[PDB]
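Novice: I'm passing along query.txt; it holds compact mmCIF, C-alpha atoms and all ligand atoms.
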```
# COMPACT_ATOMS: atom_id res chain seq x y z
CA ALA A 1 7.05 21.27 23.91
CA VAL A 2 5.53 18.76 26.41
CA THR A 3 6.16 15.28 27.93
CA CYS A 4 3.48 12.55 28.35
CA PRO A 5 2.51 9.96 31.05
CA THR A 6 4.39 7.20 29.24
CA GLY A 7 7.49 9.45 28.97
CA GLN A 8 8.04 10.42 25.33
CA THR A 9 8.26 14.00 24.06
CA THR A 10 5.99 15.73 21.53
CA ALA A 11 4.85 19.06 20.13
CA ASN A 12 1.24 18.88 21.37
CA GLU A 13 -0.46 17.21 24.36
CA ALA A 14 -3.10 15.79 22.04
CA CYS A 15 -0.33 13.61 20.50
CA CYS A 16 0.50 12.14 23.90
CA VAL A 17 -2.49 9.75 23.75
CA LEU A 18 -1.05 8.06 20.65
CA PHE A 19 1.83 6.30 22.38
CA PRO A 20 -0.25 3.57 24.14
CA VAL A 21 -2.17 3.00 20.92
CA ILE A 22 1.09 2.48 19.04
CA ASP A 23 2.11 -0.17 21.60
CA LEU A 24 -1.27 -1.88 21.28
CA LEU A 25 -0.88 -2.02 17.49
CA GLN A 26 2.66 -3.42 17.52
CA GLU A 27 1.76 -6.10 20.07
CA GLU A 28 -1.77 -7.21 19.16
CA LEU A 29 -1.81 -6.44 15.40
CA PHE A 30 1.71 -6.42 13.91
CA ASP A 31 3.13 -9.51 15.70
CA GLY A 32 5.66 -7.39 17.57
CA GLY A 33 6.61 -4.89 14.87
CA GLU A 34 6.69 -7.18 11.79
CA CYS A 35 6.30 -6.14 8.16
CA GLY A 36 3.86 -9.03 7.69
CA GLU A 37 0.34 -9.51 6.38
CA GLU A 38 -1.32 -7.21 8.92
CA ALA A 39 1.10 -4.34 8.22
CA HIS A 40 0.40 -4.72 4.48
CA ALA A 41 -3.33 -5.05 5.03
CA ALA A 42 -3.40 -1.92 7.21
CA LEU A 43 -1.92 0.09 4.34
CA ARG A 44 -4.41 -1.40 1.87
CA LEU A 45 -7.24 -0.58 4.28
CA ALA A 46 -6.13 3.07 4.48
CA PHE A 47 -6.25 3.38 0.69
CA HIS A 48 -9.62 1.67 0.31
CA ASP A 49 -10.93 3.89 3.10
CA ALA A 50 -9.57 7.16 1.70
CA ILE A 51 -10.51 6.60 -1.96
CA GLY A 52 -14.18 6.55 -0.98
CA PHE A 53 -14.09 10.25 -1.83
CA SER A 54 -14.74 12.63 -4.70
CA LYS A 55 -14.02 16.37 -4.83
CA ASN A 56 -17.46 16.68 -6.45
CA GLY A 57 -19.22 14.81 -3.63
CA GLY A 58 -21.31 11.65 -3.73
CA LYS A 59 -18.58 9.03 -3.21
CA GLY A 60 -18.04 9.12 0.57
CA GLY A 61 -16.31 11.17 3.25
CA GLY A 62 -12.80 10.05 2.34
CA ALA A 63 -10.17 9.16 4.94
CA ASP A 64 -12.82 9.06 7.64
CA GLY A 65 -12.62 5.45 8.72
CA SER A 66 -16.01 4.77 7.11
CA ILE A 67 -14.61 1.42 5.97
CA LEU A 68 -14.14 0.48 9.63
CA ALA A 69 -17.20 2.12 11.19
CA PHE A 70 -19.59 0.92 8.47
CA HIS A 71 -17.82 -2.27 7.48
CA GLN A 72 -21.00 -4.38 7.27
CA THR A 73 -21.92 -2.20 4.30
CA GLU A 74 -18.53 -1.61 2.65
CA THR A 75 -17.15 -5.13 2.91
CA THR A 76 -20.06 -6.31 0.73
CA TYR A 77 -18.68 -4.58 -2.36
CA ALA A 78 -16.78 -6.68 -4.90
CA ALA A 79 -13.79 -4.31 -5.11
CA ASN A 80 -13.35 -4.66 -1.32
CA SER A 81 -12.84 -8.43 -1.37
CA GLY A 82 -10.46 -9.46 1.39
CA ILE A 83 -11.05 -6.27 3.39
CA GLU A 84 -13.29 -8.16 5.86
CA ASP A 85 -10.20 -10.03 7.05
CA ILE A 86 -8.41 -6.77 7.87
CA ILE A 87 -11.50 -5.34 9.63
CA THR A 88 -11.92 -8.46 11.75
CA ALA A 89 -8.33 -8.16 12.96
CA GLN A 90 -8.51 -4.39 13.53
CA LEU A 91 -11.95 -4.10 15.16
CA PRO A 92 -11.06 -5.56 18.62
CA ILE A 93 -7.95 -3.38 18.90
CA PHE A 94 -9.89 -0.29 17.79
CA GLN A 95 -12.28 -0.85 20.70
CA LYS A 96 -9.43 -0.55 23.21
CA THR A 97 -9.12 3.13 22.16
CA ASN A 98 -11.14 6.34 22.20
CA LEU A 99 -10.01 7.37 18.73
CA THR A 100 -12.35 7.97 15.87
CA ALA A 101 -12.35 5.30 13.18
CA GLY A 102 -10.40 7.51 10.77
CA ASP A 103 -7.67 8.34 13.28
CA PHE A 104 -7.28 4.67 14.08
CA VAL A 105 -7.20 3.30 10.51
CA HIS A 106 -4.65 5.80 9.32
CA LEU A 107 -2.41 5.47 12.38
CA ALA A 108 -2.38 1.70 11.94
CA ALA A 109 -1.22 2.22 8.34
CA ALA A 110 1.44 4.75 9.35
CA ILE A 111 2.77 2.37 12.02
CA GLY A 112 2.47 -0.80 9.91
CA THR A 113 4.20 0.69 6.87
CA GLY A 114 7.06 1.83 9.11
CA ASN A 115 7.64 -1.72 10.22
CA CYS A 116 8.87 -2.20 6.62
CA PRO A 117 12.56 -1.28 6.13
CA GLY A 118 13.09 1.32 3.46
CA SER A 119 9.76 3.08 3.85
CA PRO A 120 9.65 6.82 4.61
CA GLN A 121 8.63 7.98 8.06
CA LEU A 122 5.01 8.79 7.25
CA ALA A 123 3.20 11.90 8.44
CA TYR A 124 0.29 11.46 10.83
CA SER A 125 -2.40 14.04 11.60
CA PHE A 126 -5.25 13.39 13.98
CA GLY A 127 -8.52 14.79 15.18
CA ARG A 128 -10.72 13.32 12.44
CA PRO A 129 -14.42 13.43 13.37
CA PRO A 130 -16.49 10.22 13.21
CA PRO A 131 -17.41 9.02 9.72
CA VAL A 132 -21.01 9.81 8.87
CA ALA A 133 -22.03 7.17 6.31
CA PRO A 134 -20.52 4.27 4.35
CA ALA A 135 -18.95 5.03 1.01
CA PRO A 136 -21.04 3.89 -1.97
CA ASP A 137 -20.07 0.97 -4.13
CA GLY A 138 -17.66 1.40 -7.03
CA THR A 139 -15.19 3.93 -5.54
CA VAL A 140 -12.34 1.40 -5.32
CA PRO A 141 -10.42 0.61 -8.56
CA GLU A 142 -10.15 -3.02 -9.67
CA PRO A 143 -7.19 -4.68 -11.43
CA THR A 144 -9.25 -5.31 -14.57
CA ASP A 145 -10.14 -1.62 -14.94
CA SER A 146 -8.46 0.23 -17.79
CA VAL A 147 -5.57 2.61 -17.12
CA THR A 148 -7.89 5.40 -18.28
CA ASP A 149 -10.64 4.45 -15.83
CA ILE A 150 -8.18 4.12 -12.94
CA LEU A 151 -6.49 7.47 -13.52
CA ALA A 152 -9.95 9.03 -13.90
CA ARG A 153 -11.07 7.62 -10.54
CA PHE A 154 -7.94 9.03 -8.88
CA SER A 155 -8.43 12.46 -10.50
CA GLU A 156 -11.90 12.69 -8.90
CA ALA A 157 -10.20 12.14 -5.54
CA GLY A 158 -7.68 14.80 -6.53
CA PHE A 159 -4.56 12.90 -7.76
CA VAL A 160 -2.57 13.36 -10.97
CA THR A 161 -1.13 10.50 -13.06
CA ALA A 162 2.35 10.52 -11.51
CA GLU A 163 0.95 10.39 -7.96
CA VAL A 164 -0.94 7.21 -8.88
CA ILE A 165 2.35 5.53 -9.82
CA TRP A 166 4.11 6.63 -6.62
CA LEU A 167 1.18 5.43 -4.52
CA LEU A 168 1.73 2.00 -6.11
CA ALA A 169 5.11 1.69 -4.33
CA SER A 170 2.73 0.16 -1.75
CA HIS A 171 2.80 -2.97 -3.93
CA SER A 172 6.44 -3.43 -2.86
CA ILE A 173 5.03 -4.63 0.48
CA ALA A 174 1.95 -6.40 -0.83
CA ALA A 175 0.30 -9.68 -1.73
CA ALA A 176 -2.93 -11.02 -3.23
CA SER A 177 -5.30 -13.54 -1.65
CA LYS A 178 -8.59 -13.09 -3.55
CA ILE A 179 -7.27 -13.57 -7.09
CA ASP A 180 -5.73 -17.03 -6.58
CA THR A 181 -8.05 -18.43 -3.93
CA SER A 182 -5.86 -21.56 -3.61
CA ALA A 183 -2.70 -19.39 -3.29
CA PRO A 184 -3.33 -16.78 -0.59
CA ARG A 185 -0.75 -14.11 0.28
CA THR A 186 1.08 -14.26 -3.07
CA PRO A 187 3.42 -11.20 -3.14
CA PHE A 188 3.76 -8.70 -5.96
CA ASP A 189 7.58 -8.56 -5.55
CA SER A 190 10.43 -10.73 -4.21
CA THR A 191 10.84 -8.81 -0.96
CA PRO A 192 7.39 -8.15 0.55
CA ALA A 193 9.03 -7.53 3.93
CA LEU A 194 11.07 -4.63 2.44
CA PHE A 195 9.76 -1.29 1.10
CA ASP A 196 12.26 -1.13 -1.74
CA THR A 197 11.93 -0.51 -5.47
CA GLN A 198 12.24 -4.21 -6.41
CA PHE A 199 8.51 -4.02 -7.31
CA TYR A 200 9.09 -1.52 -10.11
CA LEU A 201 11.86 -3.67 -11.60
CA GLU A 202 10.17 -7.06 -11.33
CA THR A 203 7.00 -5.77 -13.04
CA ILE A 204 8.96 -5.00 -16.24
CA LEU A 205 10.56 -8.46 -16.43
CA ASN A 206 9.07 -10.53 -19.25
CA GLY A 207 6.00 -12.38 -18.00
CA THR A 208 6.36 -16.11 -18.69
CA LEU A 209 4.50 -17.95 -15.87
CA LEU A 210 1.34 -18.13 -13.75
CA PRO A 211 1.52 -18.99 -10.03
CA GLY A 212 -0.50 -21.43 -7.97
CA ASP A 213 -2.72 -23.77 -10.01
CA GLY A 214 -1.00 -22.22 -13.04
CA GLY A 215 -4.35 -21.03 -14.40
CA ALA A 216 -5.38 -17.58 -15.60
CA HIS A 217 -7.32 -16.08 -12.71
CA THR A 218 -9.13 -12.95 -13.67
CA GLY A 219 -7.17 -9.96 -12.42
CA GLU A 220 -3.65 -11.34 -13.01
CA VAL A 221 -1.30 -11.51 -16.00
CA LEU A 222 1.84 -13.58 -16.55
CA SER A 223 4.56 -13.31 -13.87
CA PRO A 224 8.36 -13.54 -14.30
CA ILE A 225 8.97 -15.53 -11.11
CA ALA A 226 7.38 -18.56 -9.44
CA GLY A 227 5.44 -17.58 -6.34
CA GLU A 228 5.04 -13.99 -7.56
CA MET A 229 1.77 -12.50 -8.76
CA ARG A 230 1.59 -9.73 -11.33
CA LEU A 231 -1.60 -7.68 -11.54
CA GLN A 232 -3.13 -6.88 -14.92
CA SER A 233 -3.37 -3.20 -13.95
CA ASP A 234 0.21 -2.98 -12.62
CA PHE A 235 1.50 -4.43 -15.91
CA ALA A 236 -0.82 -2.05 -17.78
CA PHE A 237 0.70 0.93 -15.95
CA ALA A 238 4.22 -0.42 -16.46
CA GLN A 239 3.70 -0.67 -20.25
CA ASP A 240 1.27 2.16 -21.04
CA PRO A 241 2.70 5.14 -22.97
CA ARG A 242 1.34 7.55 -20.37
CA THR A 243 3.09 5.92 -17.41
CA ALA A 244 5.91 3.56 -18.46
CA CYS A 245 8.67 6.14 -17.97
CA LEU A 246 7.32 7.16 -14.57
CA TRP A 247 7.24 3.46 -13.76
CA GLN A 248 11.01 3.07 -14.30
CA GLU A 249 12.02 6.32 -12.49
CA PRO A 250 12.16 4.83 -8.94
CA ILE A 251 14.26 1.75 -9.75
CA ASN A 252 17.21 1.54 -7.27
CA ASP A 253 16.52 5.21 -6.39
CA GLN A 254 15.31 4.74 -2.84
CA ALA A 255 15.37 8.42 -1.89
CA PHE A 256 13.27 9.30 -4.94
CA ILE A 257 10.44 6.99 -3.93
CA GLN A 258 10.69 7.89 -0.23
CA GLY A 259 9.83 11.53 -0.89
CA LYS A 260 7.22 10.87 -3.57
CA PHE A 261 5.45 8.22 -1.46
CA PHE A 262 5.67 10.34 1.69
CA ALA A 263 4.00 13.23 -0.10
CA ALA A 264 1.25 11.33 -1.91
CA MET A 265 0.41 9.45 1.29
CA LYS A 266 0.32 12.70 3.28
CA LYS A 267 -2.48 13.89 0.99
CA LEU A 268 -4.23 10.52 0.77
CA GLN A 269 -4.69 10.02 4.50
CA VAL A 270 -6.46 13.37 4.97
CA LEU A 271 -8.90 13.29 2.04
CA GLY A 272 -12.16 14.95 3.05
CA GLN A 273 -10.66 16.05 6.37
CA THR A 274 -10.01 19.51 7.80
CA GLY A 275 -8.80 20.97 11.08
CA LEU A 276 -6.40 18.26 12.26
CA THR A 277 -3.38 18.33 14.60
CA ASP A 278 0.07 17.31 13.34
CA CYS A 279 1.58 14.42 15.32
CA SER A 280 4.23 13.01 12.99
CA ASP A 281 6.83 12.86 15.79
CA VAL A 282 5.01 9.94 17.47
CA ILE A 283 5.67 7.92 14.30
CA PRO A 284 8.73 5.64 14.61
CA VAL A 285 11.54 6.13 12.10
CA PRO A 286 11.68 2.97 9.97
CA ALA A 287 14.89 1.02 9.54
CA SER A 288 16.87 1.50 6.34
CA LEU A 289 17.43 -1.06 3.63
CA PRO A 290 20.40 -3.38 4.32
CA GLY A 291 21.68 -2.76 0.79
CA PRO A 292 20.65 -1.61 -2.70
CA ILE A 293 18.39 -3.79 -4.81
CA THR A 294 19.68 -6.64 -6.98
CA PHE A 295 18.10 -8.60 -9.82
CA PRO A 296 16.52 -11.80 -8.48
CA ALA A 297 18.71 -14.89 -8.80
CA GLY A 298 19.00 -15.92 -12.43
CA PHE A 299 17.85 -12.61 -13.98
CA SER A 300 19.60 -9.72 -15.71
CA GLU A 301 18.76 -6.72 -17.90
CA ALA A 302 18.40 -9.36 -20.64
CA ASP A 303 14.98 -10.17 -19.17
CA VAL A 304 13.35 -6.65 -19.22
CA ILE A 305 10.79 -5.06 -21.58
CA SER A 306 11.68 -1.36 -21.79
CA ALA A 307 8.58 0.63 -22.71
CA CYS A 308 10.82 3.54 -21.72
CA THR A 309 13.66 3.51 -24.18
CA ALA A 310 14.01 7.22 -23.38
CA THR A 311 16.01 6.44 -20.21
CA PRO A 312 18.89 3.99 -19.63
CA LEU A 313 17.77 1.76 -16.79
CA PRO A 314 20.44 1.71 -14.04
CA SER A 315 22.98 -1.08 -13.84
CA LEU A 316 22.75 -3.45 -10.89
CA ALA A 317 24.15 -6.71 -9.55
CA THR A 318 22.45 -10.07 -10.01
CA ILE A 319 22.61 -12.76 -7.32
CA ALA A 320 23.43 -16.10 -8.98
CA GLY A 321 21.73 -19.31 -8.22
CA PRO A 322 18.86 -20.66 -10.30
CA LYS A 323 15.65 -18.67 -10.76
CA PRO A 324 13.90 -18.74 -7.35
CA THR A 325 10.42 -19.40 -6.02
CA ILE A 326 8.92 -16.88 -3.60
CA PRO A 327 6.89 -18.27 -0.69
CA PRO A 328 3.63 -16.63 0.38
CA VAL A 329 3.66 -13.90 3.00
CA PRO A 330 3.45 -15.80 6.32
CA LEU A 331 0.36 -16.21 8.49
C1 LIG B 401 -4.22 1.98 -8.60
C2 LIG B 401 -5.09 0.96 -8.57
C3 LIG B 401 -4.93 -0.23 -7.60
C4 LIG B 401 -5.40 -1.46 -7.86
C5 LIG B 401 -6.12 -1.94 -9.15
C6 LIG B 401 -5.11 -2.30 -6.73
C7 LIG B 401 -5.44 -3.62 -6.68
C8 LIG B 401 -5.05 -4.49 -5.69
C9 LIG B 401 -5.41 -5.89 -5.61
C10 LIG B 401 -6.29 -6.63 -6.65
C11 LIG B 401 -4.84 -6.39 -4.51
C12 LIG B 401 -4.96 -7.86 -4.03
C13 LIG B 401 -6.27 -8.05 -3.25
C14 LIG B 401 -6.34 -9.53 -2.94
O1 LIG B 401 -6.68 -10.30 -3.88
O2 LIG B 401 -6.00 -9.97 -1.81
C15 LIG B 401 -4.09 -5.31 -3.85
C16 LIG B 401 -3.34 -5.37 -2.69
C17 LIG B 401 -2.78 -4.29 -2.01
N1 LIG B 401 -2.89 -2.94 -2.35
FE1 LIG B 401 -3.30 -2.30 -4.26
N2 LIG B 401 -4.45 -1.53 -5.75
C18 LIG B 401 -4.34 -0.24 -6.26
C19 LIG B 401 -3.76 0.83 -5.60
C20 LIG B 401 -3.23 0.84 -4.32
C21 LIG B 401 -2.80 2.00 -3.52
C22 LIG B 401 -2.94 3.48 -3.96
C23 LIG B 401 -2.34 1.53 -2.34
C24 LIG B 401 -1.78 2.28 -1.10
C25 LIG B 401 -0.94 3.31 -1.16
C26 LIG B 401 -2.44 0.07 -2.38
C27 LIG B 401 -2.06 -0.82 -1.38
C28 LIG B 401 -2.19 -2.19 -1.41
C29 LIG B 401 -1.58 -3.12 -0.49
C30 LIG B 401 -0.69 -2.79 0.72
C31 LIG B 401 -1.95 -4.38 -0.83
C32 LIG B 401 -1.50 -5.68 -0.09
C33 LIG B 401 -2.50 -6.10 0.99
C34 LIG B 401 -2.05 -7.36 1.72
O3 LIG B 401 -1.11 -8.05 1.28
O4 LIG B 401 -2.62 -7.68 2.78
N3 LIG B 401 -2.96 -0.30 -3.60
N4 LIG B 401 -4.27 -4.17 -4.60
CA CA B 402 -13.93 6.17 3.80
CA CA B 403 9.62 -5.07 -1.71
ZN ZN B 404 -17.05 -8.03 9.56
ZN ZN B 405 -3.42 -17.31 -10.47
```
Before anything else, please render the file you have as structure tokens.

Specialist:
Amino acid sequence: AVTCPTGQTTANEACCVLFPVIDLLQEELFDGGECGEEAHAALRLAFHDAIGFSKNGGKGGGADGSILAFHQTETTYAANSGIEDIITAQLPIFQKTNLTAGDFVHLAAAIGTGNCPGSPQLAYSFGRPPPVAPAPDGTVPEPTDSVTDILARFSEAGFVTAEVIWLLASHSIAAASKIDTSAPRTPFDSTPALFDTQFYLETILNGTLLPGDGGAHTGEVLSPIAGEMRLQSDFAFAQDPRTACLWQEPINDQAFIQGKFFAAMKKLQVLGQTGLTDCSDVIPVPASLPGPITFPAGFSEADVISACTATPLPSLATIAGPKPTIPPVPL
């Protein structure tokens, strides 16, 4: 019900100002629409930003962009290690806009995630007011935290157990650079450029290795594949009685995870916010997956630990060379 300077059509004139910002992001941040490090980092940033929130107060203003506006404070916390890199890349591009910090952070994550084939078209609201103060320390879960502690933290923000697992489909387009300091950008699945369910499957393969210097760095546990990092907390969720059957649910069920991730993200990116305008039609529709998921080369069902023997895991093909090595996400 309107048409904007740059041409495109929308439901509200307020949404018209988002189209130049989306070009600035794709050019100057996402290396021309890639599902690379900066796309992944933008998603991570949105979570770290939004989880500075508690329904009972005292833990920050939520999805307010506090992590951008007050980064000198928040990027000094341990649990935010590596965030400073994202902030440094986002801050100059932010300044070429008149958005609030919250509206920028969460649009960058909506756009970046969509550069990943297989991801759901994410909702995007805007009109967030400026963040007031930095979140306090300790709002961001750490991979050594217990399952109990992590689910408790999420509850405070307003999320149930299942939603925590669906939110972790993010790790399908994700890597670690602060655990293995000599091995930056080590992915958590085989296909960090694709938002598929590979992640869920490769985390239940038997852990036999350690990547990089082959040593036990603190937040990681044994990985099934060379070049792949497995977080201690991801493996905890994958094996824990409370969550192991939820963990297997998405495998090769792309539509299942698309809806669950779309809905949990819709809530996450508005935590602590009220009174926003819907602008989801500015958000590009991400490409689809070129085909269903397959076992990595040299793996089969033989290699899985089923903590959910209540459900037959779905059959799937298995590319055949030798067991591969996954390179780091590019820079
Ligand atoms: C549930 C508890 C979670 C824990 C313990 C956790 C932990 C971690 C850790 C340790 C890293 C690697 C940091 C580094 O060393 O570079 C990471 C990366 C990442 N996290 Fe999670 N995370 C959690 C939940 C989430 C959620 C809810 C989202 C978003 C929906 C998310 C999105 C990401 C992304 C995209 C990355 C990759 C960043 C990049 O490659 O640049 N995480 N996470
Ligand atoms: Ca925040
Ligand atoms: Ca993936
Ligand atoms: Zn900085
Ligand atoms: Zn390591």

Novice: Give one line per residue of region 105-212 of chain A that approaches region 316-326 of chain A to at most 9 Å, naming the two atoms of the closest pair and their distance in Å to one decimal, counting all atoms listed in the file; sort by chain then ascending residue number and deliver it as JSON lines.

Specialist:
```
{"residue": "A:186", "atom": "CA", "partner": "A:326", "partner_atom": "CA", "distance": 8.3}
{"residue": "A:187", "atom": "CA", "partner": "A:326", "partner_atom": "CA", "distance": 7.9}
{"residue": "A:189", "atom": "CA", "partner": "A:326", "partner_atom": "CA", "distance": 8.6}
{"residue": "A:190", "atom": "CA", "partner": "A:326", "partner_atom": "CA", "distance": 6.4}
{"residue": "A:191", "atom": "CA", "partner": "A:326", "partner_atom": "CA", "distance": 8.7}
```

Novice: Can you tell me, as a PDB file with C-alpha atoms, keeping the file's coordinate frame, what residues are no more than 9 Å from residue 128 (chain A) when counting all atoms listed in the file, ignoring any on the same chain fewer than 6 positions away?

Specialist:
```pdb
ATOM      1  CA  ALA A  63     -10.170   9.160   4.940  1.00  0.00           C
ATOM      2  CA  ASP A  64     -12.820   9.060   7.640  1.00  0.00           C
ATOM      3  CA  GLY A  65     -12.620   5.450   8.720  1.00  0.00           C
ATOM      4  CA  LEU A  99     -10.010   7.370  18.730  1.00  0.00           C
ATOM      5  CA  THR A 100     -12.350   7.970  15.870  1.00  0.00           C
ATOM      6  CA  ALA A 101     -12.350   5.300  13.180  1.00  0.00           C
ATOM      7  CA  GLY A 102     -10.400   7.510  10.770  1.00  0.00           C
ATOM      8  CA  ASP A 103      -7.670   8.340  13.280  1.00  0.00           C
ATOM      9  CA  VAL A 270      -6.460  13.370   4.970  1.00  0.00           C
ATOM     10  CA  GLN A 273     -10.660  16.050   6.370  1.00  0.00           C
ATOM     11  CA  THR A 274     -10.010  19.510   7.800  1.00  0.00           C
ATOM     12  CA  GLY A 275      -8.800  20.970  11.080  1.00  0.00           C
ATOM     13  CA  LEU A 276      -6.400  18.260  12.260  1.00  0.00           C
TER      14      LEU A 276
END
```

Novice: Which residues are close to residue 50 (chain A), i.e. within 7 Å by only C-alpha atoms, leaving aside same-chain residues fewer than 2 positions away? Reply as a PyMOL selection string.

Specialist: chain A and resi 46-48+52-53+62-63+268-269+271

Novice: Would you please work out which residue, of A:9, A:97, A:72, A:139, is nearest to residue 54 (chain A) when using only C-alpha atoms?

Specialist: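 Residue with the minimum atom-to-atom distance to residue 54 (chain A): A:139.
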
Novice: So that all listed atoms of region 71-77 of chain A fit with 5 Å spare on each side, what axis-aligned box centre and edge lengths in Å, to one decimal, would you give as lines of an AutoDock Vina configuration file?

Specialist:
```
center_x = -19.5
center_y = -4.0
center_z = 2.6
size_x = 14.8
size_y = 14.7
size_z = 19.8
```

Novice: If you measure from CA of residue 212 (chain A) to CA of residue 226 (chain A), what distance in Å do you get, rounded to one decimal?

Specialist: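 CA of residue 226 (chain A) lies 8.5 Å from CA of residue 212 (chain A).
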
Novice: Given the choices A:236, A:265, A:15, A:150, which gets closest to residue 110 (chain A) if the distance is worked out from only C-alpha atoms?

Specialist: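 Of A:236, A:265, A:15, A:150, the one nearest residue 110 (chain A) is A:265, counting only C-alpha atoms.
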
Novice: May I ask which of the residues A:12, A:232, A:197, A:206 is the closest one to ligand LIG 401 (chain B), counting only C-alpha atoms and all ligand atoms?

Specialist: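 Result for the nearest residue to ligand LIG 401 (chain B): A:232.
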
Novice: Could you produce a table of the residues of chain A lying within 12 Å of ligand ZN 404 (chain B), with the nearest pair of atoms per residue and their separation in Å rounded to one decimal, using only C-alpha atoms and all ligand atoms, ordered by chain and increasing residue number, as CSV?

Specialist:
```
residue,atom,partner,partner_atom,distance
A:67,CA,B:ZN404,ZN,10.4
A:68,CA,B:ZN404,ZN,9.0
A:69,CA,B:ZN404,ZN,10.3
A:70,CA,B:ZN404,ZN,9.4
A:71,CA,B:ZN404,ZN,6.2
A:72,CA,B:ZN404,ZN,5.8
A:73,CA,B:ZN404,ZN,9.2
A:74,CA,B:ZN404,ZN,9.5
A:75,CA,B:ZN404,ZN,7.3
A:76,CA,B:ZN404,ZN,9.5
A:80,CA,B:ZN404,ZN,12.0
A:81,CA,B:ZN404,ZN,11.7
A:82,CA,B:ZN404,ZN,10.6
A:83,CA,B:ZN404,ZN,8.8
A:84,CA,B:ZN404,ZN,5.3
A:85,CA,B:ZN404,ZN,7.6
A:86,CA,B:ZN404,ZN,8.9
A:87,CA,B:ZN404,ZN,6.2
A:88,CA,B:ZN404,ZN,5.6
A:89,CA,B:ZN404,ZN,9.4
A:90,CA,B:ZN404,ZN,10.1
A:91,CA,B:ZN404,ZN,8.5
A:92,CA,B:ZN404,ZN,11.1
```

Novice: Could you write out that same residue set with C-alpha atoms as a tab-separated table (two decimals), keeping the file's coordinate frame?

Specialist:
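And here's part_12.tsv as it stands now:
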```
chain	number	residue	atom	x	y	z
A	67	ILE	CA	-14.61	1.42	5.97
A	68	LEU	CA	-14.14	0.48	9.63
A	69	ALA	CA	-17.20	2.12	11.19
A	70	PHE	CA	-19.59	0.92	8.47
A	71	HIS	CA	-17.82	-2.27	7.48
A	72	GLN	CA	-21.00	-4.38	7.27
A	73	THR	CA	-21.92	-2.20	4.30
A	74	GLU	CA	-18.53	-1.61	2.65
A	75	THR	CA	-17.15	-5.13	2.91
A	76	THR	CA	-20.06	-6.31	0.73
A	80	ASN	CA	-13.35	-4.66	-1.32
A	81	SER	CA	-12.84	-8.43	-1.37
A	82	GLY	CA	-10.46	-9.46	1.39
A	83	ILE	CA	-11.05	-6.27	3.39
A	84	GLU	CA	-13.29	-8.16	5.86
A	85	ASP	CA	-10.20	-10.03	7.05
A	86	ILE	CA	-8.41	-6.77	7.87
A	87	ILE	CA	-11.50	-5.34	9.63
A	88	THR	CA	-11.92	-8.46	11.75
A	89	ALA	CA	-8.33	-8.16	12.96
A	90	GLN	CA	-8.51	-4.39	13.53
A	91	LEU	CA	-11.95	-4.10	15.16
A	92	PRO	CA	-11.06	-5.56	18.62
```

Novice: Go through A:66, A:3, A:258, A:113 one by one, measure the shortest atom-to-atom distance of each to ligand LIG 401 (chain B) using all atoms listed in the file, and give the residue with the smallest value.

Specialist: A:113

Novice: Which residues are near ligand CA 403 (chain B) - at most 8 Å, using all atoms listed in the file? Format: as a ChimeraX atom specification.

Specialist: /A:171-174,189-199

Novice: If you count all atoms listed in the file, which residues fall within 10 Å of residue 163 (chain A), apart from same-chain ones fewer than 3 positions away, as a short mmCIF file (atom, residue, chain, number, x, y, z; two decimals) with C-alpha atoms, keeping the file's coordinate frame?

Specialist:
```cif
data_model
loop_
_atom_site.label_atom_id
_atom_site.label_comp_id
_atom_site.auth_asym_id
_atom_site.auth_seq_id
_atom_site.Cartn_x
_atom_site.Cartn_y
_atom_site.Cartn_z
CA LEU A 151 -6.49 7.47 -13.52
CA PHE A 154 -7.94 9.03 -8.88
CA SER A 155 -8.43 12.46 -10.50
CA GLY A 158 -7.68 14.80 -6.53
CA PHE A 159 -4.56 12.90 -7.76
CA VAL A 160 -2.57 13.36 -10.97
CA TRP A 166 4.11 6.63 -6.62
CA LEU A 167 1.18 5.43 -4.52
CA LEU A 168 1.73 2.00 -6.11
CA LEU A 246 7.32 7.16 -14.57
CA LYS A 260 7.22 10.87 -3.57
CA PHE A 261 5.45 8.22 -1.46
CA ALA A 263 4.00 13.23 -0.10
CA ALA A 264 1.25 11.33 -1.91
CA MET A 265 0.41 9.45 1.29
#
```

Novice: Mind checking which residues fall within 10 Å of residue 5 (chain A), counting only C-alpha atoms, ignoring those fewer than 5 positions away in the same chain, and posting them as a PDB file with C-alpha atoms, in the frame of the given file?

Specialist:
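As a result, out17.pdb now contains:
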```pdb
ATOM      1  CA  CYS A  16       0.500  12.140  23.900  1.00  0.00           C
ATOM      2  CA  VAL A  17      -2.490   9.750  23.750  1.00  0.00           C
ATOM      3  CA  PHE A  19       1.830   6.300  22.380  1.00  0.00           C
ATOM      4  CA  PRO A  20      -0.250   3.570  24.140  1.00  0.00           C
TER       5      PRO A  20
END
```

Novice: Could you list, as a PyMOL selection string, all the residues within 7 Å of ligand ZN 405 (chain B), counting all atoms listed in the file?

Specialist: chain A and resi 179-180+210-217+220
